[PDB]
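Heads up, what comes next is one protein chain in two forms, each shown on its own as structure tokens, labelled structure 1 and structure 2.
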Structure 1
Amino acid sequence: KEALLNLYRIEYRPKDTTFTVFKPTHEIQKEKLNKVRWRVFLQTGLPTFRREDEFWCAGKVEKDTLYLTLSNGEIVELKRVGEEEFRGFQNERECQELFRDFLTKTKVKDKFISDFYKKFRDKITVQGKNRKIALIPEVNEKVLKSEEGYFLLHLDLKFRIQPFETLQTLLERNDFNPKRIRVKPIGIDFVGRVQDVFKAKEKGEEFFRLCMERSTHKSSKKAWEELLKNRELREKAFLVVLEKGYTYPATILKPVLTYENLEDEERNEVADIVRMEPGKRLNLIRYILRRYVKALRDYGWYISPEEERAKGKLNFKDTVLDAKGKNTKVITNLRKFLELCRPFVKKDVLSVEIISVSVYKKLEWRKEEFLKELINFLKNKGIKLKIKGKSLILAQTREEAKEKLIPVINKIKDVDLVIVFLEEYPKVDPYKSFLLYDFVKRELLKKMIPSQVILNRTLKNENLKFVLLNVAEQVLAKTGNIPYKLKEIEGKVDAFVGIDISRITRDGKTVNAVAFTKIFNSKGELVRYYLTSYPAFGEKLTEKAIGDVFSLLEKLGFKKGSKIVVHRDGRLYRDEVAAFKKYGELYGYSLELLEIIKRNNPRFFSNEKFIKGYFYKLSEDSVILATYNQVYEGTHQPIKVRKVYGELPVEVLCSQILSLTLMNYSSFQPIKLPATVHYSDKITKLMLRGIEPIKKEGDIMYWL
């Protein structure tokens, strides 16, 4: 059952172990810490890692002092402490830091990309109704620390999708308003949403000088160079403000596109290179890693050519039973379970509003048939669906659909569920990004209305019964009549609590923020949810927000001395952790608190189709965990789970997580997140965008 991850043990043991250490003349503002380290490595030319407040250069310096200039014009002075000897890294950060810099100095990554081009240049550029599209290979490296304490190189491969089109071009060619595009600057390893666009006619001369003077890359230097010399360009050229507070000229900014927001035709050519199956991927990873070894071993770097291995499989309680007690263990679906299944009917008249979007007027028959058989099925379950209104919307593009959905959805009030049939809408404007299914989902989630959006492509492709159940199972859950429950979960847990918090910014000060909290009993059924907006608190926000969660648990009569598990989609920072102990005492609860980091984790490469439950154990109580099986084409990315604190083993916390997976009530699609935090961040970001104070709650998975 062997499963391998793209992680490779790494250590650094050079012959010359002599570094030159540098210290700040006064404490450095923490988020300025990385910019400074980067800067040391440019001047020095010597790889550098940061050791608490000090800087370590892998060579011999003489320079008594060393002055570095940040983009502000701000100057940090480093003094030479003197040479120190190197024995080990204290943590992975040091190790990563130095490791990448070596990659830079040696230029391996650069070579591989070049090489990769010489050979696939042609297979990597593709054609489309109107546009051309480059798929550019991205090699990426982090350093992690395993359970036994070895460091591990995390190595991956991806294909960033891009047009052949400068951002300037698109802003003269159009006069367009795209404050919602992601972007990469040529020769800069950065990618981030376009914040603010102004023109270059509004800035002096000394300006583009300093701008040049402080550029930390060749291409940005050469960019501002242009505007510094050629005044012809100035009046024409545009200037773009970036996500994490950068400005670049518009000629070095090219868009970064996502698979999804590809117009249909394109998606298809793309698909093979972008979605490449495990084997190939792993082989390239292997292939790069070799170059890396070959090019770095001579400077003292020791890298196993061998992949770490899945430590094993966790069993978790996947047994599930209906209102009669009929039960079966969840692996994939049991389409059979769902047929003979008999739900916990809480509300037995349901009022649907129906919407259908479509090109022409009399072709509703597939939809009408599908609806007929749902209504039926649901009746044979104790539920009668009753239809309050239908709306047939004719439309010819996504936009026309959109414009027309807006008032229709607007008038909708007092209903258990809305069902929406969406016709297929072929392309759009490629800048005018927009998934139509989502839009609907979004507009209805804002209304707290549980909804079912059925793609008319799905009814043309999939079998009526297959579809029937997937829908039938969500709708049942959606609307309070839970179709089956978990028998139990590992541990003697009393509530599982999922927290989620989004915060709008202004001058580094947190202004609006929206918290979504979801509470579940021991057997794992929703007890109530909590949708709360907060006005501005600063420092004090984090405390209030948690505080509420506790004052809440208590109003639900969680008898003190009860046990409370807290999953979170984000990444808990220090103040939260302590904030949690505080309230853990005051309310007298024993708490397990987890951090779930879903994005960009190492991958399992394995022969087994059913990798749910696999894992690899990292240092400090954190685990890489498969939560779903490899359904092919799309990427299986495991979740990283991390016991911040608690009396229970992480393996036990992980199985709970796997149990709760099943409570998203989606036997067929493979929901990656567990039911406490699933879609939590979608809702949180979504209500933020909102335009007035919110404080709602309820007892029904309206969001599924």
Structure 2
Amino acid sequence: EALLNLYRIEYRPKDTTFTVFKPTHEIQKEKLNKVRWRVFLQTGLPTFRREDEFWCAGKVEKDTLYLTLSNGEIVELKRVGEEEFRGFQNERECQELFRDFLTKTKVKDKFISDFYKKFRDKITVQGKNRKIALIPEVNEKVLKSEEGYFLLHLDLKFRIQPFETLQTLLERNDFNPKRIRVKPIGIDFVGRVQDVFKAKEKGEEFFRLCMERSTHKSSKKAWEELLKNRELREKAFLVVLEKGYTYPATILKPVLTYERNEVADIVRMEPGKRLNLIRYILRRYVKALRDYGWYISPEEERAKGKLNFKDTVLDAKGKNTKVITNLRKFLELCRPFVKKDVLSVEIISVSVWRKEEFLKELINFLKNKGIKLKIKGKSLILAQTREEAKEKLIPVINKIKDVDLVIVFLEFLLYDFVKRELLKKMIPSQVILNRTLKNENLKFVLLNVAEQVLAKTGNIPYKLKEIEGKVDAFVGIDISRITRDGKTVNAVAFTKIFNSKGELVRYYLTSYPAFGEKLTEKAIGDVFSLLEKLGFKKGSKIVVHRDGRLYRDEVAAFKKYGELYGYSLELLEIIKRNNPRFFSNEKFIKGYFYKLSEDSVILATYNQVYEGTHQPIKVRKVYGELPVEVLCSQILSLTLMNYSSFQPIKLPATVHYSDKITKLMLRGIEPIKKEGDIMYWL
């Protein structure tokens, strides 16, 4: 009844003797995780952090003081002796200690090397003028169940990386370095390139210093070479990454995303393939760690069940029908909620009397639905090939005209390019592919298109009848910032305020200047003053969905602005990346769940359509009066507010597209301050 990457993990050590280390100085949050790493390096025995005390697994002979040196340059001293271990207090401690065992027993290294021996041939992809490898990454995190047992969350993903180094690459040809996600060899880290400069620019002691300040071994050895090898040092580059971390171009390998696409889509794997592989990885950990006192359950943790949600939607006349794939029937007969009876549309065709026949049928379908499209201007473009990305650049730049919608007929980076540009100008866009009319049944395309054009223009086809829970507004936020050295430069906030019936009340997109705490606070106070501007009286229930992880600062701002305006707040974090997957043959997984400790739930938000393409989200109730199951049902109901009946959308309307829109506005030159009531991104 639905399996997951979760296995009951347990630790019952033989030699229960542990050496404690406490600093003679203070506590430094960001640095605590770095010290713990270094305590494990100098000692050689697995370590965990119990508040201030650094507990180490075993006996270190003659141990007095530990003089670990951090990245900063700050030296840290710590001493003390023994105490006997009686289980863990956190999942964090379990993970910290478990991980160091995988390292010291080199079992993840034996695996990586044994997976290359049989699979090197399969792992490699070749093209004309370039060669790529699909490097395996095994990420383990220790979670805690509802009941209280620790779960080893174990997955296997494939990191797409070129054979060539970032140095070999920067040497040959000068391609745009910034925003390129890179990763150091023996390091579990990925960051985006900020600054590139020559190693000639720095003298002898820099390399020796940055070597003495290097956290891992491959980096000690990379700085050792630039210092000791002058052939290298001259032609070498040093790369500064996002958070600050400086690494030599010599140990940096680029990380790729996006025929290569075809041969690299075998990486999606069948659910049986990851599951049996994860099952193969587990077995090796148990050989390597049973003697050390570790147990890992061979059996996956099964999901609890299906969470029903209110999927019933209705039109302007009030026709009710449950949404399982949204009837074509319902969308044929439905009367929309008209926001603009008459519309101004621009059209574009990328060609080499079907498009025309279709456009006419569209116009008619919608006319008989109350909305009339009035064509402002047909822009016909003539392709041969790619020369068009240029011949399309020209008409797109001028398309701000006053258009309500833009319909484009194309003959995949094509769809992607066009939508992004019309997203920047904030003009709703419907990109009809010529391949779609050729391949699908014209009525379904007409319907697929109908439902979507209606949503984009505020003339929504339907809205939910009931959402479980008496909540007065659903606000979804993502705040994306631009990092330059240390303190925040540019920032964009995108808020989406919704109804108890799921309809869009207002959105708010603003770019914010450079100030410390006044950023987070203004961004969230602005959100609050907007709710006030929208007539939300004192004591109204407000559910907030955060696209990312709610930073401590944000959680704060909310609670205080919740106190200030007298609102009943519910704060949810919506984590889409690196969650425990669901393995089963059910194919109708929407609503499936596994429940964790601090009211966190691994949830299936959409049904399995394409193979291996199933990413469950992790919903966390950071702050809240309502149960997670209730909040989860509302998330599930709001997925339907994305008006994509023929296609699936993983995210609730409150956060769907929120992270893509903010990161886009950041790449701007001008700041925004816009408010609307149109779902222009769809």
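In this text, rigid core is short for the largest set of C-alphas that superpose within 1.5 Å between two forms. Here, a residue number simply tells you its place in the sequence of structure 1, counted from 1.
**Rigid-core fit between structure 1 and structure 2, the member of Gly279, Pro305, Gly538, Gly149 whose C-alpha shifts 2 angstroms or more** = The one that moves 2 Å or more is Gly538.
| request: For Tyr628, state whether the C-alpha moves by 2 Å or more between structure 1 and structure 2 after rigid core superposition. | output: Where the cores coincide, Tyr628 shows only a C-alpha shift between structure 1 and structure 2 that is less than 2 Å.
_For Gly480, does the CA position differ by 2 Å or more between structure 1 and structure 2 when the superposition is done on the rigid core?_
No, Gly480 moves less than 2 Å.
- Would you say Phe610 moves its Cα by 2 Å or more between structure 1 and structure 2, aligning on the core? No, shifts by less than 2 Å.
Provide the displacement, in Å, of the CA of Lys402 between structure 1 and structure 2, taking the core as the superposition reference.
-> Rounded to one decimal, the shift is 4.8 Å.
So with the rigid core superposed, the C-alpha of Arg51 shifts by how many Å between structure 1 and structure 2?
A shift of 0.7 Å at the C-alpha.
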